[PDB]
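These notes concern the structure reproduced below.
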Amino acid sequence: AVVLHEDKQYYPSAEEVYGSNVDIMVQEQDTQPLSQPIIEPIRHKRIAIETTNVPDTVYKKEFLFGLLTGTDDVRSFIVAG
Amino acid sequence: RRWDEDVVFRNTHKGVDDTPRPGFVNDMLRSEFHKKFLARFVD
Amino acid sequence: XXXXXXXXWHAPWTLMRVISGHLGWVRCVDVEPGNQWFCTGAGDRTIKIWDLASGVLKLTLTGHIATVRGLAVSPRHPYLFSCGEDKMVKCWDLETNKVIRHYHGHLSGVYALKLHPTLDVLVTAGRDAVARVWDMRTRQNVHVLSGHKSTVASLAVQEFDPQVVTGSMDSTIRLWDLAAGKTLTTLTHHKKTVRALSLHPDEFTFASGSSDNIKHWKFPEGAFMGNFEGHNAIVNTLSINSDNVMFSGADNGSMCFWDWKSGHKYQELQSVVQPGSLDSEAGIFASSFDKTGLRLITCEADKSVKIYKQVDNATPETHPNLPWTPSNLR
Amino acid sequence: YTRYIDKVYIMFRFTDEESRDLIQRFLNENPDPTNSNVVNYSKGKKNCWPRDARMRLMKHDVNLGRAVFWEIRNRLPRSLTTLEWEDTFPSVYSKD
Amino acid sequence: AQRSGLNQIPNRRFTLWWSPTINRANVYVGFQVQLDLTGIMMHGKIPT
Amino acid sequence: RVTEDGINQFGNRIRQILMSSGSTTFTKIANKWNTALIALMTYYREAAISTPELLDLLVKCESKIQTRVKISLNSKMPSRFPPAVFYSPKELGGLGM
Amino acid sequence: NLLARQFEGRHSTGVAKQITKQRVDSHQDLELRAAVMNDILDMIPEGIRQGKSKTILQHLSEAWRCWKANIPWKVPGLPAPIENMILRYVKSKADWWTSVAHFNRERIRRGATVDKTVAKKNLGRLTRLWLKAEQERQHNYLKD
Amino acid sequence: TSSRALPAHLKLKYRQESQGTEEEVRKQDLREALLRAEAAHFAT
Amino acid sequence: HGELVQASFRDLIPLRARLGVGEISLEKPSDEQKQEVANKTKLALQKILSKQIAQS
Amino acid sequence: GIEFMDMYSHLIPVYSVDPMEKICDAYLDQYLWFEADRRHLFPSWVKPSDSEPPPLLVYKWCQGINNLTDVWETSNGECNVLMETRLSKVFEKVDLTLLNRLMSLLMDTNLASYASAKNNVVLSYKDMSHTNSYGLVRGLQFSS
């Protein structure tokens, strides 16, 4: 029966004023802290150097495939130490 | 359970939960925030 | 012919979301070109960032000292602007989320904040009794649109002539030469303070509001078109839709939606108002649609943003728009 | 047990019989499915002490105090005072 | 503003009595200007 | 130990001193600082010394009080200062602090 | 910059004062007392004399004063429109005035601020904000 | 004239092609992305 | 610059009734004016902005 | 009259009582304390008493935790709980009616009338004031 002053809620629930098919959103705290942009900036992630285009070099590239495809000129190895 | 027999009061703080803390209020002076702000910075 | 002309459907709106967030009056809203978040320049001196979809917080861009009056996102650059009763005009870079530029020059509390569509240019106006036109890049005022004799309480901006539309306590309106800094027309048919303007998406027309006749106009000459008549309150907002629906919210909470062809208003609503509030509290300083033309987002003196969405069923049978009729008078 | 103006100091001691009853009875009145009792026991109060000396949080120990607090809180009427969780911190000395 | 200056009368003496150790280059890395009509040197300003 | 309170409690008994005396005597400021700081080390005696948190106020706050005097003689702020001036007993023209 | 001052002199009175902390409380008001000078002008119909424009304010203020004191503010016949005008534009003030006594009691708790002025003002603003709510705890004890 | 009125940020930042160009909004069907987002929020 | 200024009572008369009106155009002009205007304005501001920077 | 003594962390209300009432009250205060201890009203455990200053309390309360029989045995499921608490708002929650009755026991019915009456009071500060029916006021010389 006795409503102690601590409880004594003067106003009515946010629902029962509409309280059915309307969405009651209580939003105090932000999400996604300041650091995160909002309009994401384009960012090209690069790890390592690479050349946009082939660098031009003395021997023609077909002749490199010629060797690689045609004959036993090719070798392979590992450089170590 | 003879110690709990001697107590002249019983389960008083039995239904102590919930409260209107979820309910937003458009009254800066009668929110819960403010009741805590005056709870703390005094006495 | 006058009485004949005046004889000449659209579905009913409803409350879907109550975003209780701010701690003072929301005096502004701008919805962001992508239709995903929108902004609410409150009188907590804080711009806030909400999600259209979910209605959740994101940012709280603090940086003013007095009610963030204006706001404006530009689509061509990832910038956001703001204004207030500080004389302050800001350029919040959206990639970094900090301020970059101040636009100093205004002598007192600025209200209007609107971003020219082509030319990188910014227009603001306040109680200096002048609209200032700013140069985005070099942060340097180009024009003093000097004329009105009081608080230039509204602005609107276009690509074609009449690119700049003011409205004041003078209960007048000018149409402006952005090149010359002089007024074309001088449109006086209001009787009181013009607390709204707004351009129709496609039509080439601009409704001017007030606490009198919520008027409604043409262009270059501007020559009058008609009066939406029926709003008995002080109206702040003239939000136009793509499907020819106006929305006017007043300082009573009285929310009347209109129809741009006829004049007939097909709906009226009270604002209902949040829990702790007072009855006088109810009010509507700002509100707007999405870029789609499907949603209505509001800025109420309940310290709250409410979102209205049309009902699903529709149909003249399951709705019943209010009655149109013909009579005498003028 | 001692009272200094508005501060109360108490010293309890339990046998395994009583400790079992007290924890169970509290847990029955308000069930513990989620196990959030360990999350908000301390409020960074004893962070000044080292991590060694800081009180360890066993499922048993936590619930003991939490329950003693609940038991004693009821013995005072809610109309003369209250107790409060923030303004209290009972230290549980046990095997652990 | 007068009563503030008048409460700081006793304070003024204190400066005099430690003047020899206060008014030197190692305590004030300042501009040494000679006081007028005298052979003394004030290092700071030290108006009291 | 010294609880977290009695640290910040004392850390304010000093801030109080440096507001009250907007314009007062050097002799008196010292006199407040000595009551404050005897009353701190005559209560928490054993504990006071045993914490680090208290003993990095007691330095910074002793400095705050010197820096009051230090300012009321000159604005440019002394690079060093002679310590006799502060700590020498009153009967040789000292503050006594 | 100094030479140009010496062969020109200072420009016309105006330029722009750019707020700062000294003149924020003043310039806040100035705006409020010119957004009530707006709303009245528009609340008053099309021919009822303008001898109230200035007049309405001396209530507003007295209303505000009345709040801070906690005394009620009934007023003999004035338009129920303009009762609300003023109950509304007070309620605003009573936020941005409570708000601040929050925000500065937590730049003192911390340490940041100094100079009596602020520790003097935001001791007042509390002492009221607290008496307001020791009044309710009494009234709503005889009623409840 | 002052310190604040010196050259600063001489460069504007036009919208890059992924972050929200105005042309990409035309081809975007705002209508359907709106409804689908509401359903997801509602269901949760 | 006074040819748009109002004069008669006709001016308060809606565009639906002016009497002596062929057709009401609600369309929003074109692209080849849009790009004429934008050029006219942008050239004009630039001549002013340049002269502002000169005095500044 | 009520005035707040600041500490930058938490405020304190301070009670400016009138000068004659104080001489009376101060006599009374001294009286009950002299007479209560002459006949041992108070137990031992009510303790900010005349024997110990607060740091010797802490010693004498750690000296007691060792001089209980078999304290430190955690062999067969024993468990110690030492709790320390604050009674949130006891001074606000107190009534005068109940106090008046409770008081009537400890002493003559005429004295106890003074105390109970003394507590009612009007509280004052600047523009505002109010009655104090519900709470217990500390300014009194005997409020200890």
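Labels A, B, C, D, E, F, G, H, I and J are assigned to the chains in the order they are written; within every chain, residues are numbered from 1.
In this section, contacts are C-beta pairs under 8 Å (C-beta built on N, C-alpha and C of every residue); 3 or more make two chains touch, one makes a residue touch a chain.
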Count of steps on the shortest touching-chain route from subunit G to subunit I?
2
Taking all protein C-alpha atoms shown, work out their mean, then name the chain whose own C-alpha mean is nearest to it.
G
I'd like the Å distance between the centres of subunit A and subunit F, where a centre is the mean of that chain's Cα atoms.
54
Subunit C and subunit H, separation of their C-alpha mean positions in angstrom:
20
Subunit A-subunit I separation of Cα centroids, rounded to whole Å:
47
When you check subunit G against every other chain, which residues touch at least two of them?
95, 99, 109, 119, 126, 130, 137, 141
Which subunit A residues reach two or more other chains?
2, 10-11, 13-14, 26, 39-41
Residues of subunit C that touch two or more other chains sit at 20, 23, 55, 78, 95, 104, 138, 274-276, 281
Residues of subunit J defined as touching subunit B within the complex
9-13, 89, 91
Of all residues in subunit B, which touch subunit G in the complex?
28-29, 34, 37-38, 41-42
Interface with subunit A, subunit H side, in the complex: residues 16-20
Subunit B-touching residues of subunit A, taken from the complex the two chains share
7, 9-11, 13-14, 26
Please output the residues of subunit F touching subunit J within their complex, sorted ascending.
8-9, 12, 15-16, 43-45
